[PDB]
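> Would you be able to build a 3D model of this:
(6 chains)
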Number of protein chains: 6
Amino acid sequence: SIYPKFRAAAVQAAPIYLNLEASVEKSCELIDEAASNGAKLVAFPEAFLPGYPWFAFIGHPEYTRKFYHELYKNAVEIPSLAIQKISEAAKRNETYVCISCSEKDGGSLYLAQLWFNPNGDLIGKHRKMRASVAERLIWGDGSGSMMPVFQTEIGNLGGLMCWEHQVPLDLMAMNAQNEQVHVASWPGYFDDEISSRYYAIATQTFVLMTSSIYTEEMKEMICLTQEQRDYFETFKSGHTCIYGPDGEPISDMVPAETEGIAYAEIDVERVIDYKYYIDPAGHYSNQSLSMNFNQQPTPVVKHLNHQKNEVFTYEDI
Amino acid sequence: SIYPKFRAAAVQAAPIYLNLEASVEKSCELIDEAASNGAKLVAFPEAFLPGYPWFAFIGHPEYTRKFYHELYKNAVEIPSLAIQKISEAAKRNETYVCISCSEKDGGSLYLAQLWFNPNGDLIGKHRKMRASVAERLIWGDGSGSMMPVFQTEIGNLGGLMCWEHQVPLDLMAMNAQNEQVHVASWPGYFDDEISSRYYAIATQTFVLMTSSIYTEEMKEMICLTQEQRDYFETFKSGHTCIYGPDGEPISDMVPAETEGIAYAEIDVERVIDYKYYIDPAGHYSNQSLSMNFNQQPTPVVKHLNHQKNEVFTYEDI
Amino acid sequence: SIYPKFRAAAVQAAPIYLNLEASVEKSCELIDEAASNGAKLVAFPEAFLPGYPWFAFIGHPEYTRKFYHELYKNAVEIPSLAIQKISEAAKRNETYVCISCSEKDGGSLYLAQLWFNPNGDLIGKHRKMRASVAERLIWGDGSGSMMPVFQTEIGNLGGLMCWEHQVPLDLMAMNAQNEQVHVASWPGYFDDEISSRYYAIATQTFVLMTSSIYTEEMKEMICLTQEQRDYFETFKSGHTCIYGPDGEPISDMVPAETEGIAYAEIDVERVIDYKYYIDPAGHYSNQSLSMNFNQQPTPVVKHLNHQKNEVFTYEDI
Amino acid sequence: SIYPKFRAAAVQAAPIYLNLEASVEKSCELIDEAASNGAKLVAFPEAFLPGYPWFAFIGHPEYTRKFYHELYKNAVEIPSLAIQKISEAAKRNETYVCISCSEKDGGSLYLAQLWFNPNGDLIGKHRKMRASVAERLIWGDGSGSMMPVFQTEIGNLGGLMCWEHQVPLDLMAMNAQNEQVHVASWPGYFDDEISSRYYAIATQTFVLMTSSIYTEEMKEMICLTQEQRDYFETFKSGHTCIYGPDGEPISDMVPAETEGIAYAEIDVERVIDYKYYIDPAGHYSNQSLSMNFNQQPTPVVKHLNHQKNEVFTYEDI
Amino acid sequence: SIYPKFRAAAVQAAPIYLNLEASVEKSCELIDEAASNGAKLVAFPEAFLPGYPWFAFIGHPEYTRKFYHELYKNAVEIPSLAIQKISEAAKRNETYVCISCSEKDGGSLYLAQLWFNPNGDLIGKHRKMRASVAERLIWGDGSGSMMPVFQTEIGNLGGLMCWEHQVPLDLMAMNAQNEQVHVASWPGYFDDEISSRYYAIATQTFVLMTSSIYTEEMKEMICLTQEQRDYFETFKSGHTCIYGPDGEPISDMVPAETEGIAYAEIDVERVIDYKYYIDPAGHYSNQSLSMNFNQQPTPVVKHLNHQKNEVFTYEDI
Amino acid sequence: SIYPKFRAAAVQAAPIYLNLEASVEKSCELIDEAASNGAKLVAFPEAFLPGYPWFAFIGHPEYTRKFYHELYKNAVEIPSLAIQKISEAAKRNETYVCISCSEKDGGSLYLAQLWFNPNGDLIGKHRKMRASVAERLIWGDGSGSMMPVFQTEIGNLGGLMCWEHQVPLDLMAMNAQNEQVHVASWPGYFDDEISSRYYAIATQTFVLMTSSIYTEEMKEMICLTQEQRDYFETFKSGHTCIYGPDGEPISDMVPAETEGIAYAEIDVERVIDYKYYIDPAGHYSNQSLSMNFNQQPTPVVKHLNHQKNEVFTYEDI
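Residues are numbered from 1 along each chain as shown, chains lettered A, B, ... in the order given. Have a look at this structure:
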């Protein structure tokens, strides 16, 4: 492999809440402004299209139905306009774009992460394994089949999200495929400091820690009563940083709950020095511990060579 | 996709028994009536064109062979006068139509239902799976590739009949699609409110429960002995009404033994609220059970590369 | 489709052995005799123009060569004078006609069945699919693209011949076309009652057993040594009669050696009774078994865009 | 290959109606007497355990239910006492045995054949490819994985039931496996002669044609009113004869309405003299016609990685 | 098979809320009184032993964390005093009993059923497949190994609970194992008349259905504020009935919002009258659709054989 | 087996230090000289691609990390140009060739040995079971699943290296597979002659032993302080020889200071004489001692069936 040298970037921003066309044009403007500095890769926070669902934490399980209706009409799907508008924005700038969204296929709704290559093509996508405490009331289940890492011009890319960092099985599964540069997206409320820093030491990779901020445009409609509004203000902000495989930050930190961007040099040839001490999927292991990994698509229904039907035109009849 | 709002009609009616040439004219009169009131979709009961074969229940296996002539000589085929005459009736009024019939192809006889679109073209057809209990003497076996749902101006459409609601396999196979509005048809004898109501709860859809009524045109011709006549009067009559995805009527109920139509406005946007609780082909599944759904058309004999033939005309000879 | 009623005739006769110009006029006298009684269809026995090659299996393979030389100068061709004298005989009586020929094409030789319409034009032809042990060194091979069934004023016509009735794949192919009336011609020696009677049950048609008689001139031609002559007398003689779809005769039986004609009423509306019990191409089938029926013509060499040529007339030069 | 020269026997008898425990014992005195005369192979008629359902052909689709209730408790339920009572009678005599019966799986009935050899174990099993005319409402359906041809000390072995001799593709499927000695069995109402002799000629094999009789003790059970009794008892009985590959009987005829047995010498080397003329799957083939044969076992629900359970008990207590 | 007769009992009750010892003591009293009346099978309502978590959906997701701390200390581990107290109450009366509870398992918590034999031994567990919208915060998810059906002197026994009746794949998985007598438990908030009556028809079984009632003491614990204390009055309440294999109720319904029991005589050979019409996994199947069922146990960590340990005693040190 | 006779060659050489392309082209030239004399097998010393890591012995473990970064970028990936050049060199000469190198799969390095057969293909691979005193800093352990011997045109072949001769369990395991001709590579420093010779007496195989030599290329970069510079010259020189089953040499010596090549006749038929006295895997043992040899392939993570993933091209999007 090449061991390339380049500079990457991580964006701290908020979407226009539950309003998809305003969100996708703001996303397009952020790519066109981030790539102007010559950064080769750009990353975004959790659930950025159309927005992370705070209403599940504030109300009892009947309250969500009043807003789930308004979310479900604004979700992404694969043959849509939102995908084409992001593909134009990558093609115009020649940068790897990594972006998060709610997606609909069949009747259910899922949380996903999408990767666009500099030729404008969609490389592949990742699904969250299992939902955290509140969001089980909204999003569907994951799968073990679609958990990729991609060989690229900029080394082996991959990514995870939220509390996926809390379970060791997915750390080993990802590390077994030789990931080298890694993106981690957080919503903002969870304590994102330590579990992010630890993943760098455990697997020797540069971590682009990425997290969102609150705005009045959500909280002035997320809540219907005084108890719910002041209770919302008990939540907290989150940082964004680039960490080295040693566990210290390379970048500055984006300050004080305000929209912005952070970037640094990535010199991936340096990763070799820290694989001298540990390699969990290699020499630093044991003969009495193993793992069973399955990579097969098992949807509920598996079509077998579906074909189109015959139509009798009104002229024939 | 898109979520329209419109009003739809279902009819309780009886055909001119075994006499196709009068029966198709009564069908055109019911379309030109039901569309007068502004309904966008219309649906008919089971086996409506020649009529359902009650003679299979009243006598032993030798008795039906006498009546089978009158049936076989009055079944429709594609194309015919029946198809072009119903296509005129849909083209004049700009409404979707679902109509059920006995269709003849090869030497065999089958049961189907046909879908006509507002441009007058025939969208496709569906053929019954397994042929119940008495019908096994009269009608041929189904096929698995002919199980469509249609994407339309009025959402996603499809339908089923008789005991097809008693088998979980076809219910799950249909809900593997994304069906939203549904037509179910019954002959008068089977007990039908429970299975149609359960289907609406399990696969969140508006169901147009539709069924037929008996007449002296049957009674004075279909039987000969006193005990055949006495036995035939023991059968009960049916119902017609339309249900929400909550399992409750939105229409009124048509009276229990009279010809007439029922209608209501339907607002397919509302399905999302009940999609919140369960989704059997989505997030409510478990990765220990799956399904195989083969869609390859396999007729008994498959022609390859159909070709015509030449003749030596008597002027050339 | 439509279900006519009509009178049909089958002929027991012999040609003037290996002479074509006598045998075509014998057929004209015999068809004007058959059609004088008002029969609407007439069918002749196997290889009637100019005769069946009994010499092919009385002697060893070298004995055949000297007789083959005299057969080859007496075969028919598509534009031959032998066709005009039959086409006029059909035109002058307005009946369907079925006749058997040996055809010469491209210097090779084949066995064929050949059909004429009441307007005098040639409807189409059929070629023997495979030769039996007497035939394999006289006549050429079949083709799959030459297996027609004709829609007509008198219902769906077709007809195999000879040993073809022992091969189930041809029964299925012919039944897939939905035939209704089926000619079946035999030379005379092969045992022919039981296979033609099974065919009537298997595809539910009327069938016309048609076969030839031995004569004095053909044995004086073909024998030479005494142990050829008294060996030829080993062969059994044939018979002709017509069967219903139930498997009993409807006609009388023609006496078992003399020249003659049999005829009966045919009432094709009656076929529907027996399609109730069984239909191999319809309901009486299994999804675990199929058949590939290629139907394109593949001559050994294929001309593309056939065109003529120019000549420099002597006046020009 | 082997050409074993032996003796085989056809049995006609009636089982006492709808009583498994009596019919099982009655089969033992027949097998022991037939084997005491030196026959190596023995065959039995239709559904001999417990009995063929004549009540399907008389009265309404409701009138049969009160009898179906009694049939269900008398099905064979493999493995059972009814299997081991037959298996020992093979082991004690060293004869091959074919017998046919109602097999029960889960909730459902199938009609099947069971094959046993001199070591007393099952060679294999067979099931119908479709029902007939009346019993189509009683029995279920087989699959292509349950149509074997065996090979053993008496040559190759197989068999078919009822109208399976009248479907062209089943003749073709069996002939692909190099058939030699064939069992065929009939309920006595249908016409066995024509259906069987053609199969002998089309396969070039000895056919062990076998048939049932109906005893006076049926009349007092199956018909409850005078006209039903006077519509019954107006049927054929069939012939239980043995046919050689030429289509001529090789044994005496059994008297038309009694218990009895027929047997003859079988000399398998004789078939070679006839396979010289024609072979439907060998040298008599053509490139334009084929057949797709699929025999993947297809249960509706298939278990994989079957596991066993345990009961907890008083160890702790 | 055997087809027995017995008396079955269905109980309507309420547990002492979140207090296991008080709830265990009530169950021994109720089993002895039900068994004293001659019933041989006794069912129980949903989550009965510690009580169902109503607090899970009156409050937002940080209100419930206060009460989870009480439920965790009141769950049943296997084995326990709670099991010992039930097991002897079965042995003292020789009644089969079914009961439902939160099974504590390692650090995790699952909803489950237990079945006891008349000898007091444990027949087997069952685990909830997927949690419904109110309860996805509390319990973990089961797997396809822990879904048994088992054979016993009452006939075949099995069970399902809550929303599991609303998805088609579980209906087919249970029906594939030849079902006969079925039990259903409901929490009493969900409308269950339709889902239970359709299941009775769709598998043809006696279905025995049960539910719990609220008790006024719950409203002193579950709701700590006025609007919650009023809102929690607006819920539905549940039924208790025994339904025959066609949807008619056999017993009276339990007549009041009180503790009580329903009784009926059950006679399993009645089911055969209805298995005649349809059998979803038997003869009513089709080839085009199937189902894959996997029964391999799948614990997250599959620890193999484990050994004991040796400790050095104080005397030897 | 066949007991062949042939010439074998043993090579003493040093690589161009740490330059992989210079080492593989030097190796490619050295085969083309060694094969020019007609020897059929050629074997190289330990770690010839790219070189043995002497720096691990000269300094403390934080000095090693400075050089590890350059060794890692020059390790042999498979497949690569380093494999294609050696495969060409075997294909051009039709001699078996045996070579050893630092392979790199996943994140770790391993020392390995590779065998190329005369058709140019790899017949197999071996990994060093256990690392040596300083060498434990650099490479991972092997596995029991990779310990081949090959059946060949030149008898049964295998191989071992370095301290693997000191442990008797690997002597016994290698002897259990009936090896006949053996290669034993060494780095150069370890005391080798007596430990190598004992393998010949214990296993009765022809043994080829081969060692590397020191150069100025390493001396002027492995160290820089005088304290290291003159310490490194302490290490002993190596030897290259070949031995028979007698424990006594058949080759000449290669001079101890220089590169060179050694030859002899090998006559495998001569092994069965010495195998008269002792062989520990055969008759010369007793049942009171045994060995357990498990050879399952157990990597740390085991991929199951895995394929590719779907990609959407920029024109389609």
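
> ok, for residue A:53, nearest residue in space, not its chain neighbours?
What sits nearest to residue A:53 in space, not counting adjacent residues and going by Cβ to Cβ, 6 or more residues apart in numbering or on different chains, is residue A:138, at 5.7 Å. C-beta coordinates here come from the backbone N, C-alpha and C atoms, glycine included.

> just residue A:263 next, same as before
residue A:9 (4.1 Å).

> my read: residue A:292 touches residue F:299, true?
No - in this structure, residue A:292 is not within contact of residue F:299 by Cβ atoms under 8 Å, at 11.5 Å.

> More neighbours: which of those two?
residue F:299 (16 against 10; other Cβ atoms under 10 Å in any protein chain shown).

> hang on, that one is in a helix, isn't it?
No - assigned with DSSP: H, G, I helix; E, B strand; the rest coil, residue F:299 falls outside any helix and is coil.

> now that we're looking at the residue nearest to residue A:263, which residues does it contact?
With contact taken as Cβ atoms under 8 Å, 6 or more residues apart in numbering or on different chains, residue A:9 is in contact with A:34, A:37, A:39, A:41, A:42, A:43, A:261, A:262, A:263.

> residues touching residue A:296, list them.
A:145, F:304, F:305, F:306, F:307.

> quick one: the second one and residue F:144, what's the gap?
What it means is residue F:304. 22 Å (Cβ to Cβ, to the nearest Å).

> swap in residue A:141?
According to Cβ to Cβ, residue A:141 and residue F:144 sit 39 Å apart.

> Check residue A:202 too.
29 Å.

> which parts of stretch A:233-241 are buried?
A:238, A:239, A:240, A:241 (16 or more other Cβ atoms under 10 Å in any protein chain shown).

> quick check, nearest of those residues to chain E?
Closest to chain E out of the buried residues of stretch A:233-241 is residue A:238 (19.6 Å), distances taken as Cβ to the nearest Cβ.

> Report the contact partners of the closest one.
With the criterion set at Cβ under 8 Å, 6+ apart, residue A:238 makes contact with A:186, A:188, A:189, A:192, A:211, A:212, A:213.

> Around chain C, which positions in chain A sit nearby?
Contact residues (Cβ under 8 Å from any Cβ of the partner chain) of chain A with chain C: there are none.

> Do a quick rundown of the strands in chain A.
Ranges of strands in chain A, per DSSP state E, are A:5-12, A:41-43, A:96-104, A:109-116, A:122-127, A:157-161, A:181-186, A:206-211, A:241-243, A:260-267, A:291-295, A:301-304.

> most packed of these?
strand A:206-211 (a mean of 27; mean count of other Cβ atoms under 10 Å in any protein chain shown).

> Next, see if it gets close to chain F.
No - under the criterion of Cβ under 8 Å from any Cβ, strand A:206-211 makes no contact with chain F; the nearest approach is 15.6 Å.

> which bits of the stretch 151-300 of chain A sit near chain B?
A:298, A:299, A:300.

> Can you get me a residue count around the first one?
Right, residue A:298. Neighbour tally, residue A:298, other Cβ under 10 Å: 13.

> can I assume it is in contact with residue B:287?
Yes - in terms of Cβ under 8 Å, residue A:298 counts as a neighbour of residue B:287; the distance is 6.4 Å.
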